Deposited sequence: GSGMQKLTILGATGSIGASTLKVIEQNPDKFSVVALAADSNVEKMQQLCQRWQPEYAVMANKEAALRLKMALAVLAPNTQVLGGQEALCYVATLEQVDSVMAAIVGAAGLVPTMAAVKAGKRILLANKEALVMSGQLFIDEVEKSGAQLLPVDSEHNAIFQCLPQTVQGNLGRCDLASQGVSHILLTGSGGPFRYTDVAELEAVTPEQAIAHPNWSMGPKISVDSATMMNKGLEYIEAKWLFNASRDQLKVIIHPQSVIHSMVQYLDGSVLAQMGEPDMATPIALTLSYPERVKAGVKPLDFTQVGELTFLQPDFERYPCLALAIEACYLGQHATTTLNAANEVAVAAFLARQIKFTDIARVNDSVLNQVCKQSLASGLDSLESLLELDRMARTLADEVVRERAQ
């Protein structure tokens, strides 16, 4: 039958890619609610095109402006505002799936509301597993919600795993389904061939080839992905390897016990992984062409050097320590990057800030509230370490 969707985070690239898949499959997917942060203009255009039952701005002042516009552009769309309203559209009885694409800590509560209601969760918020991995997996178990990862690397891993593990994410023992290890691939960022010595002098201009760009450059992006993969797939440290693949044609791979490797490849378009999150276990047209082997060029592989990418080592370390450490590390890194971009600290100080803060905190029963509180503490400590370094 028709699958009914709420899209949390409708005005960014993920939202757009989701809508493109839905546009290719009007017989299968129906948009009940669209929700966003504060890009009212884009949201007006989308409510006009999609005429959803509900439209929600996270910001109440932004909601008011949208309401005025939709009196005219989408008169049958009920406009709402605030966090409560995000939870309300994420938990509607008629809704089957929730694209959880509101980014940052503000995404936690609405995503979790969808989990507690037993929805299918198309997970495109990093914070849910980076900050609150154990909570999320427990609440998913308790409600019977289905979790499907949107992000490219996770989605590729998901596709490369057997059906038995796919249907029971975060609870299968991987060794028992024949998995030796997961190969999380990444481009290595723009400093992949740069001599370690030259990293000290790197500028924000160079690092950007904004926040997510700097994370690419440090491989903190991959670290956070590693942490998420641990929770999504219940992988131990022996089961999770990071491989640099500079061309990003392969999006990730799984090594099996018999020697077999499965890899997922394709054109660089988020509609591909999204489309599977919506259609699983079936497949649908995504508006993405088949891979052109005439243009992929050479594929190569490198082992990450932890001297080049110290943030990657920290994230791996933090992962073994648990939720408190991953929350701490994620928070500290937001502050550290903001400081680098503000010119206050060198590129290589990002890891130093992260490393001090992490060491300070972990030298000493969780909720989303207590973890947000730790996130704030960690930020305060990072502000102080940033000061020591200027």
property	result
Deposited positions without coordinates, collected into consecutive stretches in sequence order	1 to 2, 212 to 218, 374 to 378, 405
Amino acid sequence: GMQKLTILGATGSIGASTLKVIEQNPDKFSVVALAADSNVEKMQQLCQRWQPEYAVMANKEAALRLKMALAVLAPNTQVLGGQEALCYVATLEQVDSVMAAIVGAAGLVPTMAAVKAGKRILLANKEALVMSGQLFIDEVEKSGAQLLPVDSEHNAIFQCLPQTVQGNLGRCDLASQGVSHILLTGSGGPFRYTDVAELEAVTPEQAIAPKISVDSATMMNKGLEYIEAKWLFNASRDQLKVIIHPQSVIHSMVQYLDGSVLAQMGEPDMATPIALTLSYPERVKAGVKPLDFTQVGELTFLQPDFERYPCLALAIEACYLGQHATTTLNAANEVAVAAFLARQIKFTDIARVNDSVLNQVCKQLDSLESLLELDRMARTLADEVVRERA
From here on, numbers count along this sequence of modelled residues.
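So that the term is clear: the rigid core is the largest set of C-alpha atoms that superpose within 1.5 Å between two forms.
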property: Farther-lying stretch by C-alpha RMS in 4 other deposited structures of this protein, rigid core as reference, of 344 to 352 and 36 to 44; result: 36 to 44
property: Core-aligned Cα RMS comparison in 4 other deposited structures of this protein - stretch that moves more, 69 to 77 or 217 to 225; result: 69 to 77
property: Mean Cα B-factor comparison, 373 to 381 or 12 to 20, giving the higher one as deposited; result: 373 to 381
property: Of 334 to 342 and 34 to 42, the stretch whose C-alpha atoms average the higher B-factor in the entry; result: 334 to 342
property: Highest recorded Cα temperature factor - choice among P268, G186, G167, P290; result: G167
property: Most elevated Cα B-factor in the entry, residues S248, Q255, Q78, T203; result: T203
property: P210 CA temperature factor, ranked by third within the chain; result: highest
property: Entry-reported Cα temperature factor of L321, expressed as the chain third it lands in; result: highest
property: Chain-wide C-alpha B factor ranking for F158, given as lowest, middle or highest third; result: lowest
property: Where the record places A351 (Cα B-factor, split into thirds across the chain); result: highest
property: Among modelled residues of the same chain, the CA temperature factor third for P273; result: lowest
